[PDB]
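My questions all concern the structure below.
Chain naming follows the written order as A, B, C, D, E, F, G, H, I and J, and within any one chain the residues start at number 1.
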Amino acid sequence: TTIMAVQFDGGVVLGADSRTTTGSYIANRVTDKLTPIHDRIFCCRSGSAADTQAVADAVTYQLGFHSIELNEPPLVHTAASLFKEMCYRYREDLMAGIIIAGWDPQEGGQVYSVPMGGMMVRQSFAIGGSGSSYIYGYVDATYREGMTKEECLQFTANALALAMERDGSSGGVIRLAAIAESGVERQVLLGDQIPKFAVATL
Amino acid sequence: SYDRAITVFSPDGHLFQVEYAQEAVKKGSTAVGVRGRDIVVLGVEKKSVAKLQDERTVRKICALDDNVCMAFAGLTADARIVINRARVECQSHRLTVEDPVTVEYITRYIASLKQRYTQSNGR
Amino acid sequence: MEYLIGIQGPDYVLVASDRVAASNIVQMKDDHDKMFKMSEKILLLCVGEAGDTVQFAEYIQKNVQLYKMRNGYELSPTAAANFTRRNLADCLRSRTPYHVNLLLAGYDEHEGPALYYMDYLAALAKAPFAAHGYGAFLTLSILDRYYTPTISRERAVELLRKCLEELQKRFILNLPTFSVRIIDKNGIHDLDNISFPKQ
Amino acid sequence: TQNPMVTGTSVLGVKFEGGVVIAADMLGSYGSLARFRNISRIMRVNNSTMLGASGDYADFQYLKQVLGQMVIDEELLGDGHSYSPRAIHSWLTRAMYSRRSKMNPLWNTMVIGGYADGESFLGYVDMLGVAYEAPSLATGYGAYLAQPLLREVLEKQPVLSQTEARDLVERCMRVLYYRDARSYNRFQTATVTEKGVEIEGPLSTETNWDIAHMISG
Amino acid sequence: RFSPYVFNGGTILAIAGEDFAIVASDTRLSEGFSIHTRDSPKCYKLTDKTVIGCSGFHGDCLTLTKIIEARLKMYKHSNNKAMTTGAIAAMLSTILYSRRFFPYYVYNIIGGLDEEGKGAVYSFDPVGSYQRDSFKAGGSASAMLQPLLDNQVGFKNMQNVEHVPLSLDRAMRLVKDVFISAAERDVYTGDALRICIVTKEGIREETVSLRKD
Amino acid sequence: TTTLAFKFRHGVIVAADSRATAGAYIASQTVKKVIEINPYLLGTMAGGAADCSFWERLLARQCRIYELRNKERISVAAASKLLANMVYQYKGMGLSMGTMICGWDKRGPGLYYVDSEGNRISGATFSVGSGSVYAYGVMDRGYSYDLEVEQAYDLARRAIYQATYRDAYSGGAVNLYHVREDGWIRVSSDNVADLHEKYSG
Amino acid sequence: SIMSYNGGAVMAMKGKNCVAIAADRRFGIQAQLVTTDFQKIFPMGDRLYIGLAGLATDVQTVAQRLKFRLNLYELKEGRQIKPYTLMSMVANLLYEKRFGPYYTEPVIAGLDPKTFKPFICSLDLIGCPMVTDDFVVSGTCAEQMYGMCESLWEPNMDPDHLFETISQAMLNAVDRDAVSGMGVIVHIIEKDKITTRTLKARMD
Amino acid sequence: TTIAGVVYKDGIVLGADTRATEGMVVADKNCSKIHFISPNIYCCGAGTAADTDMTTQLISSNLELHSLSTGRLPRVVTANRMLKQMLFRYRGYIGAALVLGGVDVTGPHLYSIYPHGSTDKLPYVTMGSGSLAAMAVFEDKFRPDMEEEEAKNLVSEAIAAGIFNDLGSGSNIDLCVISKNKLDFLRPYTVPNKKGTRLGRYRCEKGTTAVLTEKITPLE
Amino acid sequence: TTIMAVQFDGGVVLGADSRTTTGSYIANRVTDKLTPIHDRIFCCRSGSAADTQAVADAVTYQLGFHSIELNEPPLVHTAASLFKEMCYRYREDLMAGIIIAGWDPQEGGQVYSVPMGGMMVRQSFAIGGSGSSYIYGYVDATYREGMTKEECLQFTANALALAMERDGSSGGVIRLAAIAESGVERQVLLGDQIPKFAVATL
Amino acid sequence: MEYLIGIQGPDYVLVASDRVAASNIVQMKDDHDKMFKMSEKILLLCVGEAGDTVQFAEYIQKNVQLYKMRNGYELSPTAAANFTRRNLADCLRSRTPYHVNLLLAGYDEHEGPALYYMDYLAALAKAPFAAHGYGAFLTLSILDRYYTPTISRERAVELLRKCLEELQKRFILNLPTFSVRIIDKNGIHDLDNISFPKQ
């Protein structure tokens, strides 16, 4: 798996591949790894499908009640906290690598990382999953402060493309999603749409 | 669970539920006992020989162990309970300790059971 | 290592056990008794692990006795065997399983003599004759060889005598004396120990 | 925690005249991966005590959560009473020991720095509950690379000034960078004095690699 | 995986004379091949006539110590008096036994005066087995210190010798010697040596120096 | 450790060495392995020191309560049976206990051997401990229910000594107790050094 | 552990113009004593003795094989082995079994064959040597023995104040070790004589 | 153990504690850890004492045989080669961690050799349990071309750091200076550890030890 | 460790970090991981120091004899073969990740990879060692066909810089070396000389 | 399990062993002999692992005999013990180690009676009396108790008689008969087996 999220002024961009394997067999080459937690909050999942699915439903339930009870749009930081609470509390029984990104009427666009241990940290952009190891150097040399919902949306497309290229545990189609006050728009990049890089020859 | 306090003290220091229990004992078939030196005896009075009855299934005399036995007077159903509880304690006094049950020990046990039931909620 | 044997006749049941309480390389007790009195016509021959034997045996014991005090009449040897089997089998998958192997010999003034064998797993079987322990391996063939559904207690004590001598011969465990007892319409009768002239 | 995940390396602490100073790089390692390069492994526990943690960052965040609530709770009473450095260090030892005794430890080694009543406080706490006080503290690799330097200095001048001390910390944070493979030359420095707790932004140290040119010779 | 124990070293010694008890321990606290601190004595005052020394896993010594302290306060509120050295020892035994299946990795030595005013020493194993002795040492240097005391304080293996009582003065030097000799062979012993002397007058402390290596 | 107890015409004899080790290190040689349960009951110490002391002390507690509640001393069988019961619950958890419970009942001299393994048996003679096999040797060759008091003392005392000889984990001083109908008496307590310059000196 | 299978203790001390070497006498297999008269110190020439502790078989074997070499050395060379050289000889014999060593840590005590020079040393089961001016220990009670030694040894000692010193170190150390003892033997070597005494000790 | 070496303006300096332990007990308060290879080459050894000895002795012996034929003086690379190729061949079973230093026709050379056989050519190195402590001293106070005395003490300061901070190190600090024309093998160089002054008396007086058998034998 | 080699027209560029650890302790922060095998042939080493050193000396010995015997400059392919032979033959007892690059009067500039298994393959550019995993995506999106001894020499500097940033097992100083007919020039990049990338902030 | 005992007197040496060849739970041989004839004044009492005993014993045997044929005169019991020790200790760290424990009893017409004990590790010790096997644990204390450096062969056969009875009492292994033999200036003399009246 390879997940990633980037923060841009009025919103966020989210990307993930669609590969979910059991061993070396792809049980789903079209998985949807970007899960809606609330109207304008999303999370990217890596790790145990059963664990990330079960945890996300739990947070969605928790958050949905919290907002109706307050009659207000929930904070992105809150959604992150609810994942962090479950992921820290049950860290010995879960295998979840999560990234929470979304828009906040109070804090705007934000991205939080909640890796294996259960820790939580806010970042300009985050990357997770097996494939993430192959795109650190890339991402470090490419990330620019002040990118646009477009530059960003393209920046993750390259990073996910590169990672999908080298990691067996990653591949398929690239799913994206941009969130900003206006709302959420999700697109997909099949075959040719996926950035390409020529395999070195003679 | 039912926690009401059933037996309580009264203005002058009485425990009516006990005094009432004692009354039920009074309305029971007389029972006497004499201590000899080679044989102790016991007899149960007013056995209301309805004849259509069946001797065995109602003898107010029972054995608890192989060295002890007892007679009672009062509410029939209660006696049963207490009888079979002492019976159990008899065999259990042999599993914890190895020696058998004493004359007094078992009696004390029964007294302790009754006393408890005059100071426990719900009973 | 503990040995138990029982032979059912047409009107009685003869049973025997060794009297050694082993520990490490030494016999710690010269006169150990593997039999337990349950009723006036019932015995429970019990062998196994250090605490499990006594604890369990006495437990089934006092519970059979309790039955006597509660109903006036005793349990039939057949009913006791299924009782003890129920408990042992119920503790098998508990926190307190009992690791014991046993024989239940009894006489019913209506059913006759009965000998029951039981696995520490609580498998229950009725049988004309049976044994427990390594000794069983060296002696069950003898019984198959000389046992007849009509053997009289004179014969039986002789068949037993044979098995017992075999252990003095092939078995590598000391085992000098063996408690012996019979059960018939008149209850549980002792018998002299079968002993062997070793220092 | 049975298996630490994202962790922080060594932590240093030395006391000086009228205060104590603590240093910790801002690295959150995940095995051999410098994964989170900008996280604070230091915390301000009320005005007279600060804390630095080595080990599992997630657990540290947890302790940071519970300790923060505790301070808040106390502040609500405004009863003129407030946890002292020794108190926080004592509680932490009870906590770490308690968890160790449930076989579910908080995977951290911590340095408690404090100042109260004109006296300097510096305390150590294991995930097993080993705790003690001393003039200088160094966890992780720091205990093999930094503590020998710190002691060396103190065995010849027990009393340092906020400046002499900060000089030593910088020197150590350099040695650590040169030899601890899981360190990062980007740390913080926390100081406590009658004035309070102060934490200093992303710092670094001058490093000298001139021996690199001594391959042949 | 995860061990809930650690060995911090440090030794503890105690002797009982007609009218005094001595409790000594080095002051080094280590782990692995390192030194946590050079100033960490294992001697602690329980009452005005009872001192305890604890060695082994420092995590447990700390917890144990705080448990003992609290329980003495409780005893005081409950019986209106302080605990006699003997009762403290009896209690410590049960406290150690409550962790019989998850032991306090600890070797304790109690040094003080009995109700009769004489000196007393009690030694314990991690799970509460204990007894009273004339002298005893526990900890790493344990097997290093003992032999010299069996000889010097117990006049063992010596023919035609004068069984003179352990003068508090001779004791105090025996203590310093075995610890100085031990500091030579046990990597755990060193730095310093604190002594606690318990008499009718109270508890007095003395700190001798040892090799810092 | 080497302990033993046998009962004859004049009651029950109980002896034991006094050595306690930690691996090969002699941690003490002043161990009182004859536990003075009550002035009417004696217990031995083999296996785990703390394990025997603690439980038997608990037994002392239980016996005292019993006495106060029945105005009668508890029978040896009963006492040993309490100890057996207390201990059986922990079978499999590592308690280490090898002991002999001795006294004088309304049945005469009493001696029971009790294990942390679950064993509990009455017998004439018993030896427990690493050096037991040795003690058995000399004791068996010399034991008679009809031994005279001063004869029984020598035997027991000898057995324990011979063991301290062969068994490396037995030694120190040799303790000896005598259990008489009224109560028990602490017969002797002699160093092994001395006992040597006598058995051959 | 292999080393403590037979138990045992050995010690060597340095006096002014004399040397001492003592050893317990117990030969046991785990808990059980088997023999009380077990030799652990062997004569390797006059004024030169070697003391072997550890596993009984290798004690005997390392000694016998060492004699083999010592004799030829003395038949080829036209002399009597010098202590520092016998030490180097044992250091070679042991290290030839570096990856399957004999389980014994030797102790050497002696006087120069052509000088006063007292000499003592001990070795690794693999032949690493150690020379000191005071004492050396080997066996299952190294710790107990160091205890005594660091508190009873004095720089210069006449044969008698050395004998009384090494005799106390042993008996007292060996009495806090369950598998060492059953009597102690001492050897005091002087340019003129060899005094051999078997001390009075516990037999438990 | 703490052993270290530094490369200064005129040559090389080697340091080393003097403690030897059998487990967590000190067996030798004064072990000699700086070994002689050639007259211009010395080696400090850490690890399995016996291994550190024999390997060091063998390379020495082989180099005396070597220069005895070439007629020239041994080079450091040669000792380094011989040592590393042997250790490598034993895949780490010969537990020898070495700090090799000497002066060539090519100059002063300082190599660090590990038991598995790899080597490091560096201006300053440390080995042993106290190596991290010592390395701290160096990393903090190291300068190229130091003067004999300016190095001769940086090394005794690093061997000191080890001595106090590592339970595996203690006792004396030995040194070795090798320059284009000198070889100062300073055995005790420092001695920051002294046995505490005996506060009592125990001298065993003749007769205190009961004897069971005596036997004398006169020599000549 | 992080090693890398690139092929450019008349020669090759070679780069490596200087970190060699034992656990988490840096035993040498100035290691020289580029070893001369012959006048114009070099190898980068990763893995067991003892193994790579021992193997390299062996190949140097083997190759030096081969060339004198032929009185000719040795082929780069030959040097690679000699490593591959030892690394395949003793694959169960070695832990060596090697890259061989150099100049050949007959084939020009070339780079060969000989990873763990003992296999050998020629490549436009190669990367090895622990840190290599963090620079695949980078290297894949940056490599350009037709680079110059300068572009290349800078390209590896960035890759090694990035990798050294993320890998604990890599760091220190960046050593380089360019080989072409003319000869071999080796340089080093200390502190500031090392490419830098701003650590993402707010 | 095999038992070996030897008592050295002032002019002779008495030795004995059991005669059981055990396997699993049964005695496979009633009359097994643990002793081997080396010389006219030497015996090697050998016990241990299934093949190692015979193989080794006979090997040391035939090699002692060979010595006789090559020099005309026999090896002194003291010289044989160091021989057998040499081999056993030399095979200890070989591919073919022998797992045997033994006693070497012999008489030298110049040195007198001698009894040697040996560890399978090849540790060699001389001794007045000694034993091997679990029996040794239950009987060595007896010997320490009644052995005197002057015990006569009438006494010795009695002391042995004691140890042997002890095993019939405490030991848990059958062990009914024991081969017995003496060695003096006139060689190796048999003796009646010490047996016990068990079936």
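FYI, a contact is a pair of C-beta atoms (placed from the backbone, for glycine too) under 8 Å apart; a residue touches a chain by one contact, two chains touch by 3 or more.
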Chain nearest the global centroid, as defined over all protein CA atoms shown: E
Fitted rotation between chain C and its twin chain J in degrees, CA, nearest 5: 180
Inter-chain centre distance, chain F versus chain J - centres from mean C-alpha coordinates, in Å: 36
Between chain C and chain F, centroid-to-centroid distance (C-alpha), Å: 33
Centroid spacing, where centroids are CA-atom means, of chain E and chain H in whole angstrom: 39
Sequence positions of chain C contacting 2 or more other chains: 25-26
Chain A, residues touching no fewer than two other chains: 133, 136
Touching two or more other chains - residues of chain D: 2, 33, 35, 141, 144, 147, 178-179, 210-211, 214-215
Chain-to-chain touches, reported pairwise for every pair that qualifies: A-D, A-I, B-C, B-F, C-F, C-J, D-E, D-H, D-I, E-F, E-G, E-H, F-G, F-J, G-H, G-J, H-I
Residues of chain F defined as touching chain G within the complex: 17, 19, 21, 24-26, 130-131, 164-172, 192-193, 196
Footprint of chain J on chain G - complex, ascending: 5-6, 27, 29, 32, 34-35, 37-38, 55-57, 59-61, 100
Residue ranges of chain J touching chain F (in the complex, touch as defined): 137-142, 144-145, 162, 166, 169-170
Of chain F, residues touching chain J in the complex: 133-138, 140-141, 158-159, 162-163, 165-166
Chain B-touching residues of chain C, taken from the complex the two chains share: 58-59, 62-63, 65-66, 69-70
